[PDB]
Each structure stands twice: as structure tokens, then as C-alpha cells.
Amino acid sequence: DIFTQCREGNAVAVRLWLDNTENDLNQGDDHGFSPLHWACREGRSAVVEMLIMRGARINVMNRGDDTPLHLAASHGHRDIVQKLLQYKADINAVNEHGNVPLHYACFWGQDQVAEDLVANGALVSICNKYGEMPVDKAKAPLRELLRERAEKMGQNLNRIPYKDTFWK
């Protein structure tokens, strides 16, 4: 199906599927992963660009409320992260755990993605639902570097406890 073709990066098959406008390019699979989520997760750059340029919604969420930008960051796909940001992805989008894309880039040591996220304004001090800030998921060298870079970019380093509309 379309989801497998996006995971595998079968660009011709994806293009032919998108040509049929009766197909819904935003529709998620059984766990809410859209074509764009899979292409971003698996680093399929050509398919990501095609989906975005043909109109795919950038901030779609899967069953765990991850966006394509969470998945690209978690799996270290630097070019895809930059493409998503260029096309207005919410850089501080939160999933069901209150995690932002920077949490995953930090946790997985995706250093260049984490640095690019902070260069584009990603907040370093926003706790998830369990009180953990993104940069505190990083190993020390990266953790220290990202706080310094954020300070130099005019962020405030005060810890921000989690809040959302339904929290209290």
C-alpha cells in the first residue's frame, strides 16, 4: 500500500498514487502514520519533498500525537528536518507525553539536528509532562552546547513546567 511505498522510498509508485486525486494524501494508517510521517521517519527525502509540494499537511499527528518533524528528528534525518521547518512545521509541537522534536534529537544524540533545531528557535527549557526538559535528555557535551547556543540566541533558560489546556 501507499504506506509501504513511502517507507521504502518507491518514488514512482508514490507519484502515481498521488496522481489519483480520489486518494487522500493526509490519511493515516492503522496507527495514524500518514504517508508523510513514514517518509520522514525513514529518511526518504525525495518522497518528503513530493508530498509537501503536492499539498500534504505538515503538522499531522499519529496516534501518539507525533508529527513528521518528531520522527525526522528522532531518526537523525537532517535534510528532512530542514525541509519541514522551511514549510512551517511547528518546531515545538508536543506529543502525548509532552515531548517536542528536540527531546528526541537530544535523547538519540542527533547532534546536528539538535543544533539546527536550536538555531531555528526550538525552546530548550520546556518540560515534558514528566518534568524533563529536552536538552536534559542529551549527553553532557551536547547538553552544555545547546544551552549556550540557546542563550546566545536570546532564549530564557528558566525551566518551564508543562502546561496545556487540559492539564489543570
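In case it trips you up, residue 1 is the first one in the sequence shown, and so on.
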Discussion item. Regarding 139 to 147 and 101 to 109, which shows the higher C-alpha temperature factor on average in the entry?
Written reply: 139 to 147
Discussion item. By the recorded C-alpha temperature factor, relative to the other modelled residues in its chain, which third is residue 127 in?
Written reply: lowest
Worksheet, complete the sentence: Chain-relative C-alpha B factor for residue 26 (record values, thirds): the middle
Item to complete: Would you mind ranking residue 152 by its C-alpha B-factor against the rest of the chain and naming the third, lowest, middle or highest?
Response: highest
Discussion item. Test of reading the entry: by CA B factor among the chain's modelled residues, which third contains residue 52?
Written reply: middle
Practice prompt. Grab the CA temperature factor for residue 89 from the record and place it in the lowest, middle or highest third of its chain.
Written response: highest
